[PDB]
$ cat structure.pdb   # PDB, C-alpha atoms
ATOM      1  CA  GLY A   1     -11.734  11.686   3.789  1.00  0.00           C
ATOM      2  CA  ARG A   2      -9.357   8.760   3.104  1.00  0.00           C
ATOM      3  CA  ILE A   3      -7.013   9.136   6.139  1.00  0.00           C
ATOM      4  CA  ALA A   4      -3.598  10.825   5.567  1.00  0.00           C
ATOM      5  CA  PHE A   5      -0.056   9.651   4.684  1.00  0.00           C
ATOM      6  CA  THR A   6       3.216  10.963   6.185  1.00  0.00           C
ATOM      7  CA  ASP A   7       6.927  10.431   5.389  1.00  0.00           C
ATOM      8  CA  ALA A   8       7.033   7.171   7.404  1.00  0.00           C
ATOM      9  CA  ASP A   9       4.036   5.751   5.486  1.00  0.00           C
ATOM     10  CA  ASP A  10       5.782   6.427   2.147  1.00  0.00           C
ATOM     11  CA  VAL A  11       8.840   4.439   3.325  1.00  0.00           C
ATOM     12  CA  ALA A  12       6.730   1.638   4.880  1.00  0.00           C
ATOM     13  CA  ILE A  13       4.237   1.288   1.992  1.00  0.00           C
ATOM     14  CA  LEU A  14       7.078   1.450  -0.574  1.00  0.00           C
ATOM     15  CA  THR A  15       9.557  -0.922   1.174  1.00  0.00           C
ATOM     16  CA  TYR A  16       6.652  -3.386   1.631  1.00  0.00           C
ATOM     17  CA  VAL A  17       5.077  -3.070  -1.853  1.00  0.00           C
ATOM     18  CA  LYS A  18       8.543  -3.079  -3.509  1.00  0.00           C
ATOM     19  CA  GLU A  19       9.542  -6.260  -1.605  1.00  0.00           C
ATOM     20  CA  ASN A  20       6.414  -8.360  -2.362  1.00  0.00           C
ATOM     21  CA  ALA A  21       4.379  -6.429  -4.965  1.00  0.00           C
ATOM     22  CA  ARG A  22       6.651  -6.973  -7.996  1.00  0.00           C
ATOM     23  CA  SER A  23       4.270  -8.595 -10.522  1.00  0.00           C
ATOM     24  CA  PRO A  24       0.790  -8.277 -12.083  1.00  0.00           C
ATOM     25  CA  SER A  25      -0.974  -9.848  -9.063  1.00  0.00           C
ATOM     26  CA  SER A  26      -0.060  -8.368  -5.641  1.00  0.00           C
ATOM     27  CA  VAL A  27      -0.762  -4.838  -6.965  1.00  0.00           C
ATOM     28  CA  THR A  28      -3.682  -5.811  -9.271  1.00  0.00           C
ATOM     29  CA  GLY A  29      -5.777  -7.610  -6.616  1.00  0.00           C
ATOM     30  CA  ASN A  30      -6.234  -6.838  -2.893  1.00  0.00           C
ATOM     31  CA  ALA A  31      -4.056  -9.555  -1.294  1.00  0.00           C
ATOM     32  CA  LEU A  32      -0.659  -7.920  -0.550  1.00  0.00           C
ATOM     33  CA  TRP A  33      -2.636  -4.889   0.712  1.00  0.00           C
ATOM     34  CA  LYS A  34      -5.216  -6.734   2.870  1.00  0.00           C
ATOM     35  CA  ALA A  35      -2.409  -9.028   4.123  1.00  0.00           C
ATOM     36  CA  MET A  36      -0.537  -5.938   5.370  1.00  0.00           C
ATOM     37  CA  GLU A  37      -3.686  -4.699   7.179  1.00  0.00           C
ATOM     38  CA  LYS A  38      -3.467  -7.913   9.257  1.00  0.00           C
ATOM     39  CA  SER A  39       0.261  -7.451  10.032  1.00  0.00           C
ATOM     40  CA  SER A  40       1.504  -4.039   8.808  1.00  0.00           C
ATOM     41  CA  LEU A  41       4.560  -2.222  10.219  1.00  0.00           C
ATOM     42  CA  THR A  42       2.579   1.021  10.665  1.00  0.00           C
ATOM     43  CA  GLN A  43      -1.106   1.699  11.470  1.00  0.00           C
ATOM     44  CA  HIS A  44      -3.141   1.890   8.230  1.00  0.00           C
ATOM     45  CA  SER A  45      -5.820   0.018   6.244  1.00  0.00           C
ATOM     46  CA  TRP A  46      -5.435  -1.666   2.836  1.00  0.00           C
ATOM     47  CA  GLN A  47      -7.986   0.495   0.923  1.00  0.00           C
ATOM     48  CA  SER A  48      -6.203   3.877   1.290  1.00  0.00           C
ATOM     49  CA  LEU A  49      -2.996   1.829   0.853  1.00  0.00           C
ATOM     50  CA  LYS A  50      -3.828   0.469  -2.635  1.00  0.00           C
ATOM     51  CA  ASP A  51      -5.931   3.564  -3.460  1.00  0.00           C
ATOM     52  CA  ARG A  52      -2.988   5.969  -2.973  1.00  0.00           C
ATOM     53  CA  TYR A  53      -0.816   3.655  -5.129  1.00  0.00           C
ATOM     54  CA  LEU A  54      -2.863   3.968  -8.354  1.00  0.00           C
ATOM     55  CA  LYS A  55      -3.908   7.500  -7.283  1.00  0.00           C
ATOM     56  CA  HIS A  56      -0.418   8.960  -7.918  1.00  0.00           C
ATOM     57  CA  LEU A  57       2.460   6.510  -7.228  1.00  0.00           C
ATOM     58  CA  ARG A  58       2.807   3.607  -9.701  1.00  0.00           C
ATOM     59  CA  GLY A  59       1.281   5.562 -12.622  1.00  0.00           C
TER      60      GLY A  59
END
$ encode --input "structure.pdb" --output "structure tokens"
Amino acid sequence: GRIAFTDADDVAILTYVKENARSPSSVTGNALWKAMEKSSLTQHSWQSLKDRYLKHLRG
């Protein structure tokens, strides 16, 4: 299982990815995601973070 996401995670992951991830680099690699794992507003990893994005958010 890849953890779970709630309504707060959607607002935290979005507000964060929309503020920094705005080019073909922060969302293509694993920097903006791993960087959040070191100092994120909520409690989550970077894998499920970037995985849920391409899973059914950006595309």
$ closest_residue --input "structure.pdb" --among "A:3, A:57, A:17, A:8" --to "residue 32 of chain A" --atoms "all atoms listed in the file"
A:17
$ residues_around --input "structure.pdb" --residues "segment 36-38 of chain A" --least-positions-apart "4" --cutoff "10 Å" --atoms "all atoms listed in the file" --output "compact mmCIF listing (two decimals) with C-alpha atoms, in the coordinates of the input"
# COMPACT_ATOMS: atom_id res chain seq x y z
CA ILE A 13 4.24 1.29 1.99
CA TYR A 16 6.65 -3.39 1.63
CA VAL A 17 5.08 -3.07 -1.85
CA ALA A 31 -4.06 -9.56 -1.29
CA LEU A 32 -0.66 -7.92 -0.55
CA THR A 42 2.58 1.02 10.66
CA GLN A 43 -1.11 1.70 11.47
CA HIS A 44 -3.14 1.89 8.23
CA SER A 45 -5.82 0.02 6.24
CA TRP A 46 -5.44 -1.67 2.84
CA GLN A 47 -7.99 0.50 0.92
CA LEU A 49 -3.00 1.83 0.85
$ residues_around --input "structure.pdb" --residues "residue 54 of chain A" --least-positions-apart "6" --cutoff "12 Å" --atoms "all atoms listed in the file" --output "ChimeraX atom specification"
/A:27-28,47-48
$ atom_distance --input "structure.pdb" --atom1 "atom CA of residue 50 of chain A" --atom2 "atom CA of residue 29 of chain A"
9.2 Å
$ axis_aligned_box --input "structure.pdb" --around "segment 21-36 of chain A" --padding-each-side "5 Å" --output "AutoDock Vina command-line options"
--center_x 0.2 --center_y -7.3 --center_z -3.4 --size_x 22.9 --size_y 15.0 --size_z 27.5
$ atom_distance --input "structure.pdb" --atom1 "atom CA of residue 20 of chain A" --atom2 "atom CA of residue 58 of chain A"
14.5 Å
$ atom_distance --input "structure.pdb" --atom1 "atom CA of residue 19 of chain A" --atom2 "atom CA of residue 2 of chain A"
24.6 Å
